[PDB]
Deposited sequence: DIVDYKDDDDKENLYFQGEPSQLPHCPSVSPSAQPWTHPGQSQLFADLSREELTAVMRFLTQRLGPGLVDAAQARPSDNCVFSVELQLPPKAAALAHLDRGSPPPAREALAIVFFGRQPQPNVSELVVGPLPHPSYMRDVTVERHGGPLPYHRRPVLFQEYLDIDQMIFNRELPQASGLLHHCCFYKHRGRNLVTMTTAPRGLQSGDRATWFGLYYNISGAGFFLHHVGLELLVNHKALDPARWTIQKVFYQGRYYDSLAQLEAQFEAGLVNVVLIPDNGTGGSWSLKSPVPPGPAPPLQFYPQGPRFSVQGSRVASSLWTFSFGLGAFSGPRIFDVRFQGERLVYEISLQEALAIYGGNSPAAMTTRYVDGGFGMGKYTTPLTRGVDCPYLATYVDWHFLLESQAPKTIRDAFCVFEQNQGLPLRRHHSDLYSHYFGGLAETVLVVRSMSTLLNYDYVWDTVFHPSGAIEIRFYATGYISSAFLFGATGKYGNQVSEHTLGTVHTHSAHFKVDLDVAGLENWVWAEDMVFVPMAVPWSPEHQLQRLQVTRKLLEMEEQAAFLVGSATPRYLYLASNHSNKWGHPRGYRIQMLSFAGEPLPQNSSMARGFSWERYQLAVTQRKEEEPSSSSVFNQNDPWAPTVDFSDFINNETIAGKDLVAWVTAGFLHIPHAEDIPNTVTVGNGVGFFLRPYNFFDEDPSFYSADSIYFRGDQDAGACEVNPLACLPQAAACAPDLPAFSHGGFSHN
């Protein structure tokens, strides 16, 4: 019966956000508009979020005990009501009650930010739909009545980038049936429209091209005419149906409950604000609006391993029979991995008994909002030994330890993909960063196999690749680190005790990587089997104290350099790169690359620049991804099984021995001892320990927009 239970990196709070918005409205001139109903020629505030502190100061505070650096915020402002409109980046502080505001644009980017680089606003999307649905589609209502039950029952979906050339803002939009309670993405009606929305005055916006069921037209006029002329043979795309194409609700009623996990003697970790603490682990967590999930000041048994691990960008490159598909290259940070974090459904997205946590933000609005259950944090019994030995030889003993990990997770739903961002903390001292793609695939109307598979009636599942970039600022036993590569080789040799014979002598090769360029591994290149970052200092046995990067990635072929667009996500070309850490190089991407990748705001390749990486504060940049050719089993959704991709950070002579030796949960007993004796073996007391019904919270869901 019955059964128990330094925030310098925290994301800005409701107050802090409000505080900065007040200060902005005051100091920014009226004509300021609510971003959420702004127009191109308006002035407004697009985003307000935490500006991360410099490392030197942050550390001085965390370690040396000096005072905290100014807590600041960064605001992105669209300045439209202006002869030469610009986007500007403004640092506002110091919180909790700000007094200054500095334009860092020219500092950071060496010049103004072109207005065309700004992300398409929510209002801008609405205006575009007004044009399409009021001014444009009616011109073809003859056709639409015949194919598409026109009478409102159709929806548009954006693509990106928006044109062919720096400056452009023309966007292809596909049209789909507005299915109810299920993904529309699988119901392309066959029509795409090239909208030019560069003009500051929506009245001047035009439609450059039209694609319909396999053919280009110049206007909806033509397309309607040609349909009327009788040289457009409409194949009828249905409005309605049943199965996974049409639904997510299963036709099969609940059977017996699946397995459930619980903490029989209370949870073994705490979350206070942005800070998690456990027996072994300590870190602060959070979300960049655009860059997405991040962790800081990660400490294993009190000692810092990493200053920062943050998602940096995500990328989806498509191919297709149609214009939308065949030119789409989402640089998802230009929308926002944080901005589009969705709530975590208890018992689906994370285990029911996880600790859920809310996120607060201020984006494209005046008042801050909240995503409820944005994060989840929990311990998972992996059902699998961290370590184990059974000795039947000479001495009869057993010694092992079941693996229980600590997880932190957010999910981003950008249009149809749901990205899943795991950071898993292992009891061995290892950190694992994973990401899964799930959700709906993106589809096109089907009209010879070069561009994907047919996944349902009239539907091409368009081929594409996923990839993601991570900043990993390890500070292994201090700031000053070196990069080591180790591998294997065989060397023919006469057998010492019988030289008439030949043996193949297995050996270890070892090289220190001295310059940045030697630590930059292009995709498709051979990669050292052991690569690690290490300190000057050694462990008990005289080896440099190291942490090793090990990669789980099936990376797709990158967009060719021959493409002008590529410089906008040049990180795609590397598997891994280690560079000097620098304040002026905080990120591999920028929210402004999505709309102008031809003139990238940040260009990652520039960071790799022929310097020493021999004894500096280093930072590793890891790419992970894969190629996806959709298939029937992606309908309704793509499963996560086998699609996880990422990397491990594992200790390599960092410790003097395996930390888990002194685990509070390790089991050990001799063959002559009594394995059922509770005092001998803790597992024997488990049935007492766990003789209680768990107190499960009432199911709540974090709602919608």
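Unmodelled regions (deposited sequence positions with no C-alpha coordinates, counted from 1) are 1-23, 29-41, 188-190, 487-488, 747-748.
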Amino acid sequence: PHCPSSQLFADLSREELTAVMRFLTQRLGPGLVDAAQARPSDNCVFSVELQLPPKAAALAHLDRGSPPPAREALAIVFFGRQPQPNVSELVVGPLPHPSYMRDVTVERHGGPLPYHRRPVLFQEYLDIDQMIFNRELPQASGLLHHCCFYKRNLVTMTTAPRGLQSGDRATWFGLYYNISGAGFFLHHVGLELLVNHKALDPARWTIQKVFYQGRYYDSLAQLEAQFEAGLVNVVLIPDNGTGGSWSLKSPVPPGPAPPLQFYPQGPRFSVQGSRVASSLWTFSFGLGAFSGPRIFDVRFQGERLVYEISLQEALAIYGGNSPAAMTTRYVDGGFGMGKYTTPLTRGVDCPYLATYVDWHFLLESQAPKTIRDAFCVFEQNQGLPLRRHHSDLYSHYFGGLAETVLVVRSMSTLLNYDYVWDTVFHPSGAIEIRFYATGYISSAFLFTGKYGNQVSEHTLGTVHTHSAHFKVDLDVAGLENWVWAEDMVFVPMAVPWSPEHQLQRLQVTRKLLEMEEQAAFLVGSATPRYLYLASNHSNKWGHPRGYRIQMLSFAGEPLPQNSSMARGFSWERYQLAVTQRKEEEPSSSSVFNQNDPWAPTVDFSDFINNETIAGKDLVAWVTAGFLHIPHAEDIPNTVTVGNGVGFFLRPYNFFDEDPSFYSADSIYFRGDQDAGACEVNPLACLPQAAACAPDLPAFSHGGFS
From here on, numbers count along this sequence of modelled residues.
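For clarity, a rigid core is taken as the largest C-alpha set superposing within 1.5 Å between two forms.
Between 312-320 and 228-236, the larger mean CA deviation from the shown form in 8 other deposited structures of this protein, after core superposition, belongs to 228-236. A fit on the rigid core, followed by a root mean square over CA positions in 8 other deposited structures of this protein, ranks 433-441 against 448-456 and picks 448-456 as the more shifted one.
In the comparison with other entries of the same protein, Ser6 is left without coordinates in at least one third of those covering both sides of it.
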